[PDB]
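Here is run-v9.txt, consisting of compact mmCIF, C-alpha atoms and all ligand atoms:
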# COMPACT_ATOMS: atom_id res chain seq x y z
CA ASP S 3 0.00 0.00 0.00
CA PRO S 4 2.58 2.77 0.76
CA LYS S 5 4.68 1.52 -2.11
CA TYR S 6 1.47 1.48 -4.16
CA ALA S 7 1.32 5.22 -3.52
CA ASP S 8 5.09 5.71 -4.14
CA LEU S 9 5.60 4.80 -7.78
CA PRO S 10 3.42 6.24 -10.55
CA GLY S 11 3.35 3.11 -12.70
CA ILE S 12 0.87 1.37 -10.39
CA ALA S 13 -2.75 0.63 -11.24
CA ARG S 14 -5.53 0.90 -8.70
CA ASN S 15 -8.82 -0.82 -7.71
CA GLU S 16 -7.14 -4.22 -7.78
CA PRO S 17 -8.58 -7.12 -5.78
CA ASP S 18 -5.17 -8.85 -6.23
CA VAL S 19 -6.64 -12.26 -5.43
CA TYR S 20 -9.46 -13.68 -7.53
CA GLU S 21 -10.63 -17.12 -6.57
CA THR S 22 -13.46 -19.26 -7.84
CA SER S 23 -16.46 -20.51 -5.90
CA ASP S 24 -16.06 -22.79 -2.91
CA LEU S 25 -18.40 -25.17 -1.12
CA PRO S 26 -18.01 -27.77 1.64
CA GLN S 37 -13.36 -52.27 6.06
CA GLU S 38 -16.67 -53.45 4.67
CA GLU S 39 -15.42 -57.04 4.71
CA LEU S 40 -14.69 -57.26 8.40
CA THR S 41 -18.44 -57.92 8.52
CA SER S 42 -18.21 -60.56 5.76
CA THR S 43 -20.26 -63.56 6.82
CA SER S 44 -17.87 -66.37 5.93
CA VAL S 45 -14.94 -65.01 7.92
CA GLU S 46 -14.36 -65.80 11.56
CA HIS S 47 -12.98 -62.34 12.16
CA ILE S 48 -11.39 -62.09 15.59
CA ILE S 49 -10.24 -59.16 17.73
CA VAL S 50 -7.59 -59.65 20.38
CA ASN S 51 -7.33 -57.26 23.38
CA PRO S 52 -3.57 -57.94 23.46
CA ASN S 53 -3.22 -56.82 27.06
CA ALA S 54 -5.24 -59.75 28.43
CA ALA S 55 -3.79 -62.49 26.21
CA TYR S 56 -0.35 -60.94 26.66
CA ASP S 57 -0.54 -61.11 30.43
CA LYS S 58 -2.02 -64.57 30.04
CA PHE S 59 0.68 -66.09 27.85
CA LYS S 60 3.22 -63.82 29.56
CA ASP S 61 3.45 -66.36 32.35
CA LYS S 62 4.73 -68.99 29.88
CA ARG S 63 8.36 -68.89 31.01
CA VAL S 64 9.74 -70.72 28.00
CA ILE W 7 1.46 -103.52 52.76
CA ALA W 8 -2.06 -102.43 53.77
CA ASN W 9 -2.92 -100.70 50.50
CA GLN W 10 -4.80 -101.70 47.41
CA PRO W 11 -2.52 -103.96 45.33
CA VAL W 12 -1.55 -102.76 41.88
CA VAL W 13 -2.35 -105.08 38.99
CA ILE W 14 -0.22 -104.63 35.87
CA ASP W 15 -1.79 -106.09 32.73
CA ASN W 16 1.37 -106.38 30.63
CA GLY W 17 -0.31 -106.17 27.24
CA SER W 18 2.07 -106.36 24.30
CA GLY W 19 0.16 -104.09 22.00
CA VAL W 20 -2.11 -102.54 24.59
CA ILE W 21 -0.62 -102.57 28.07
CA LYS W 22 -2.97 -101.94 31.00
CA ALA W 23 -2.85 -101.42 34.76
CA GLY W 24 -5.12 -101.30 37.77
CA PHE W 25 -6.00 -102.58 41.23
CA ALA W 26 -7.74 -105.27 43.26
CA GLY W 27 -11.49 -105.84 43.37
CA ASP W 28 -12.06 -104.02 40.09
CA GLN W 29 -12.94 -105.86 36.88
CA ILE W 30 -11.61 -103.41 34.30
CA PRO W 31 -8.05 -102.08 34.66
CA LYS W 32 -8.18 -98.70 36.37
CA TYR W 33 -5.91 -97.05 33.82
CA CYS W 34 -5.59 -98.13 30.20
CA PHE W 35 -3.29 -96.83 27.45
CA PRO W 36 -1.24 -99.06 25.13
CA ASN W 37 2.41 -99.98 25.17
CA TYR W 38 4.43 -97.47 23.13
CA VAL W 39 6.99 -94.70 23.46
CA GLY W 40 5.99 -91.48 21.74
CA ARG W 41 9.09 -89.40 21.17
CA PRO W 42 8.75 -85.91 19.62
CA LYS W 43 9.24 -84.82 16.01
CA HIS W 44 9.95 -81.06 16.04
CA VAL W 45 11.66 -78.27 18.01
CA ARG W 46 9.84 -75.92 20.40
CA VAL W 47 9.66 -72.31 19.24
CA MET W 48 6.59 -70.55 20.64
CA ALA W 49 6.13 -70.17 24.38
CA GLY W 50 3.33 -72.67 24.86
CA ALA W 51 5.18 -75.55 23.29
CA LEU W 52 5.33 -78.26 25.94
CA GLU W 53 8.54 -79.84 27.22
CA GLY W 54 9.73 -83.36 28.01
CA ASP W 55 8.12 -84.09 24.66
CA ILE W 56 8.19 -87.87 25.03
CA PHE W 57 4.47 -87.85 25.67
CA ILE W 58 2.01 -90.70 26.11
CA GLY W 59 -1.79 -90.89 26.07
CA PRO W 60 -3.91 -87.86 25.23
CA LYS W 61 -1.04 -85.95 23.68
CA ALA W 62 0.04 -89.07 21.81
CA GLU W 63 -3.36 -89.90 20.32
CA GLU W 64 -3.98 -86.19 19.97
CA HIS W 65 -0.75 -85.27 18.24
CA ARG W 66 -0.05 -88.47 16.40
CA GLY W 67 1.52 -86.62 13.50
CA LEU W 68 3.83 -84.71 15.84
CA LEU W 69 5.18 -87.57 17.92
CA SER W 70 7.62 -90.18 16.63
CA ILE W 71 5.99 -93.06 18.45
CA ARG W 72 8.08 -96.17 18.96
CA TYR W 73 7.41 -99.46 20.71
CA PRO W 74 9.60 -100.93 23.47
CA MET W 75 7.85 -104.28 23.97
CA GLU W 76 9.38 -105.87 20.89
CA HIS W 77 8.59 -109.59 20.65
CA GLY W 78 6.79 -109.16 23.93
CA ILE W 79 10.07 -107.90 25.40
CA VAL W 80 10.64 -104.31 26.43
CA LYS W 81 13.69 -102.66 24.90
CA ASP W 82 13.15 -99.10 26.16
CA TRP W 83 13.51 -100.19 29.76
CA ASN W 84 14.21 -96.77 31.24
CA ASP W 85 11.49 -95.29 29.11
CA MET W 86 9.04 -97.93 30.30
CA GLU W 87 9.98 -97.00 33.84
CA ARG W 88 9.09 -93.44 33.01
CA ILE W 89 5.84 -94.71 31.51
CA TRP W 90 5.20 -96.27 34.87
CA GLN W 91 6.01 -92.91 36.41
CA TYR W 92 3.40 -91.58 33.98
CA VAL W 93 1.18 -94.13 35.64
CA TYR W 94 2.60 -93.08 39.04
CA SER W 95 1.70 -89.51 38.10
CA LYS W 96 -1.47 -87.60 38.90
CA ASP W 97 -3.04 -89.15 35.81
CA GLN W 98 -3.20 -92.75 36.97
CA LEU W 99 -1.70 -93.74 40.31
CA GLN W 100 -1.19 -90.45 42.23
CA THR W 101 0.80 -92.60 44.70
CA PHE W 102 4.20 -94.20 45.21
CA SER W 103 5.78 -97.57 44.61
CA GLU W 104 6.43 -97.97 48.32
CA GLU W 105 2.73 -97.47 49.09
CA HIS W 106 0.69 -99.85 47.13
CA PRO W 107 1.40 -103.53 46.67
CA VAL W 108 2.16 -104.31 43.06
CA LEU W 109 1.57 -107.41 40.92
CA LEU W 110 3.47 -107.95 37.68
CA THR W 111 2.26 -110.44 35.08
CA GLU W 112 4.16 -112.47 32.50
CA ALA W 113 3.97 -114.48 29.34
CA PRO W 114 5.43 -117.98 29.10
CA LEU W 115 8.98 -118.63 27.88
CA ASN W 116 10.39 -115.41 29.12
CA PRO W 117 14.11 -114.81 29.55
CA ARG W 118 15.24 -114.39 33.12
CA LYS W 119 17.16 -111.20 32.26
CA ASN W 120 13.95 -109.27 31.65
CA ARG W 121 12.50 -110.40 34.97
CA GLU W 122 15.75 -109.54 36.75
CA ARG W 123 15.98 -106.08 35.17
CA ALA W 124 12.33 -105.50 36.05
CA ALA W 125 13.02 -106.47 39.66
CA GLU W 126 15.92 -104.00 39.66
CA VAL W 127 13.45 -101.29 38.72
CA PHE W 128 10.79 -102.52 41.17
CA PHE W 129 13.06 -102.54 44.18
CA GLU W 130 15.74 -99.96 43.36
CA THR W 131 14.15 -97.17 41.36
CA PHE W 132 10.65 -98.03 42.38
CA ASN W 133 10.62 -99.42 45.90
CA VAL W 134 7.49 -101.58 46.20
CA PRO W 135 7.47 -103.58 49.45
CA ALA W 136 4.85 -106.11 48.29
CA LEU W 137 5.46 -107.37 44.78
CA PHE W 138 5.91 -110.51 42.73
CA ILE W 139 5.99 -111.18 39.00
CA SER W 140 3.17 -113.57 38.11
CA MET W 141 1.96 -115.07 34.84
CA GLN W 142 -0.89 -114.07 32.50
CA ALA W 143 -2.54 -117.28 31.28
CA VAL W 144 -3.49 -118.47 34.78
CA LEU W 145 -4.99 -115.03 35.33
CA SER W 146 -7.26 -115.57 32.36
CA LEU W 147 -8.15 -118.88 34.01
CA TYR W 148 -9.06 -116.95 37.17
CA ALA W 149 -11.30 -114.86 34.95
CA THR W 150 -12.94 -117.90 33.38
CA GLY W 151 -12.86 -119.89 36.61
CA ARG W 152 -11.70 -122.90 34.60
CA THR W 153 -9.01 -125.33 35.69
CA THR W 154 -7.72 -127.48 32.80
CA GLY W 155 -7.64 -124.87 30.07
CA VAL W 156 -5.55 -123.83 27.08
CA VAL W 157 -4.95 -120.08 27.06
CA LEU W 158 -4.25 -118.37 23.75
CA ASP W 159 -3.15 -114.76 23.98
CA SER W 160 -3.56 -112.38 21.09
CA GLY W 161 -1.42 -109.29 21.22
CA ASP W 162 0.89 -107.51 18.86
CA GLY W 163 4.22 -109.27 19.25
CA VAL W 164 3.35 -112.38 21.29
CA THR W 165 1.25 -115.52 20.72
CA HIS W 166 1.27 -118.41 23.16
CA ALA W 167 -0.84 -121.50 23.74
CA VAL W 168 -0.67 -122.35 27.44
CA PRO W 169 -2.13 -125.75 28.36
CA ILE W 170 -2.91 -125.22 32.02
CA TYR W 171 -3.99 -127.72 34.67
CA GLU W 172 -5.96 -126.21 37.61
CA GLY W 173 -4.06 -122.98 37.17
CA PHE W 174 -0.72 -124.82 37.15
CA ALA W 175 0.39 -125.40 33.60
CA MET W 176 2.94 -127.92 32.52
CA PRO W 177 5.83 -125.46 31.98
CA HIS W 178 6.91 -127.72 29.13
CA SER W 179 3.73 -128.36 27.15
CA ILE W 180 3.39 -124.60 26.65
CA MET W 181 4.30 -123.11 23.28
CA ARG W 182 5.04 -119.44 22.64
CA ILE W 183 5.59 -117.35 19.50
CA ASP W 184 6.50 -113.68 19.60
CA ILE W 185 4.52 -112.29 16.66
CA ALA W 186 0.98 -110.99 16.09
CA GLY W 187 -0.78 -108.00 14.46
CA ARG W 188 2.28 -105.69 14.47
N1 LIG X 1 -10.79 -105.48 17.99
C1 LIG X 1 -9.60 -106.01 17.64
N2 LIG X 1 -9.49 -106.74 16.52
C2 LIG X 1 -8.31 -107.27 16.16
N3 LIG X 1 -7.18 -107.13 16.86
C3 LIG X 1 -7.15 -106.43 18.01
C4 LIG X 1 -8.40 -105.83 18.49
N4 LIG X 1 -8.11 -105.19 19.63
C5 LIG X 1 -6.79 -105.39 19.88
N5 LIG X 1 -6.23 -106.14 18.92
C6 LIG X 1 -4.81 -106.52 18.88
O1 LIG X 1 -4.37 -106.87 20.19
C7 LIG X 1 -3.22 -106.12 20.52
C8 LIG X 1 -3.25 -105.73 21.98
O2 LIG X 1 -2.10 -106.31 22.56
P1 LIG X 1 -2.33 -107.12 23.91
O3 LIG X 1 -3.31 -108.21 23.57
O4 LIG X 1 -2.63 -106.14 24.99
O5 LIG X 1 -0.95 -107.85 24.21
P2 LIG X 1 -1.01 -109.11 25.20
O6 LIG X 1 -1.38 -110.28 24.32
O7 LIG X 1 0.39 -109.13 25.75
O8 LIG X 1 -2.08 -108.72 26.18
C9 LIG X 1 -3.18 -104.92 19.60
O9 LIG X 1 -1.84 -104.69 19.17
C10 LIG X 1 -4.04 -105.30 18.42
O10 LIG X 1 -3.26 -105.61 17.27
How does this structure look as structure tokens?
Ligand SMILES: Nc1ncnc2c1ncn2[C@@H]1O[C@H](COP(=O)(O)OP(=O)(O)O)[C@@H](O)[C@H]1O
Amino acid sequence: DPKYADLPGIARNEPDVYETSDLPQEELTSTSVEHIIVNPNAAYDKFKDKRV
Amino acid sequence: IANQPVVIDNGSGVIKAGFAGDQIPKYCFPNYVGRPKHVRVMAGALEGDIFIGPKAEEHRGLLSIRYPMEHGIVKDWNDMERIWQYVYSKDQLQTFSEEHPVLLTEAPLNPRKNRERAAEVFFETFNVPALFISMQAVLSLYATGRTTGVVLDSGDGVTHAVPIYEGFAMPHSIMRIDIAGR
């Protein structure tokens, strides 16, 4: 802005930025699989005792 | 000794064991030695690995099973002792040698060496105070109640015709062959 006033070869009424418009897995449930979860803390403390 | 006497049904293919009064041997599992076949890696893999019984029949394809009672004669003596310890264990006897009386059975035409070695076990490793090594054919006569009978066993590595007289066979008229279904 002050430099815009300084030099003569400077145009005015310039919205310098012009942008466009702006607006705003499934097989874990598969029937044939025997999908298992673990809770590793429990089984870990369980098998943890296996001093092998 | 004032305890229930142990009865040892020395079956060639299927060995058995039990006590007095009963009609079926208290604990039954055949005669074999199931050595392992792999190497433990995961914590959960059992140890000792020369397993008998549930683990044997269970993991047949994982245990190199062998047979000590070859020709009706045990060859894995020490291992058979441990199989008796397996019987002595919580599984079958839950007791000691020194506690219960024991009764060993035998086939005809047996070498003395086997009987001697067995006695070494029975009174040195095991320490039974009431024990004797009996026969098997006369025991089948006790079962039948007969007197002058011919007993024909049918095992895996033993076959003998025992012409008995009142439970006392002629120890000469008896024939014995050490081969069967094996
Ligand atoms: N139902 C059956 N049919 C045919 N053979 C059998 C049967 N049951 C057991 N056997 C045979 O009998 C054997 C059992 O050995 P066993 O008779 O205990 O030795 P022993 O004659 O010293 O008692 C097995 O090895 C098997 O081959």
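Atom CA of residue W:174 lies 11.9 Å from atom CA of residue W:140.
Using all atoms listed in the file, the part of chain W that sits within 10 Å of chain S is made up of residues 46, 47, 48, 49, 50, 51, 52 and 53 of chain W.
Selection of all polymer residues within 7 Å of ligand LIG 1 (chain X) on the basis of all atoms listed in the file gives residues 16, 17, 18, 19, 20, 21, 78, 159, 160, 161, 162, 164, 165, 186, 187 and 188 of chain W.
The spacing separating atom CA of residue W:117 from atom CA of residue W:177 amounts to 13.7 Å.
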So that all listed atoms of stretch 30-48 of chain W fit with 6 Å spare on each side, what axis-aligned box centre and edge lengths in Å, to one decimal, would you give as lines of an AutoDock Vina configuration file?
center_x = 0.0
center_y = -87.0
center_z = 26.2
size_x = 35.3
size_y = 44.9
size_z = 32.4
*Two-atom distance - atom CA of residue W:22, atom CA of residue W:93 (Å)*: 10.0 Å
*List the neighbours of residue W:68 out to 9 Å using only C-alpha atoms; skip same-chain residues closer than 5 positions along the sequence, and give me the result as number ranges by chain.*
W: 41-44, 62
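With distances restricted to all atoms listed in the file, W:36 is the closest residue to residue W:15 from W:114, W:36, W:67, W:27.
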